[PDB]
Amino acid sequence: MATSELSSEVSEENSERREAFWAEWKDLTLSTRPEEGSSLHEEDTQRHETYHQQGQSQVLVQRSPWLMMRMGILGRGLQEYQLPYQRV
């Protein structure tokens, strides 16, 4: 329904050297898929019975300046990738 957008911020300063540093970024975005997105449906023509179910699933994608992403469906586990993404 409504995508959520979470932001993280960092603000550091050094008065001994007069140096500062800022940062703000789209840290975590949480989205909502429509139930039609993951459904199940079964027909038994021998016993004349049918079953149907559908449900929303919320996806979670996270990121960071330190080059590392995180993603998954909320309820299932998250997966962690190493940006500049390679292969094994």
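Numbering starts at 1 and runs along the sequence shown.
In this PDB entry, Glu9 carries a Cα temperature factor that places it within the lowest third of its chain's modelled residues. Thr50: CA B factor lies in the lowest third for its chain, per the PDB record.
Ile73: CA B factor in the middle third of modelled residues in this chain (values from the PDB entry). Sorting the modelled residues of the chain by their CA temperature factor places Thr29 in the highest third. Sorting the modelled residues of the chain by their CA temperature factor places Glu42 in the highest third.
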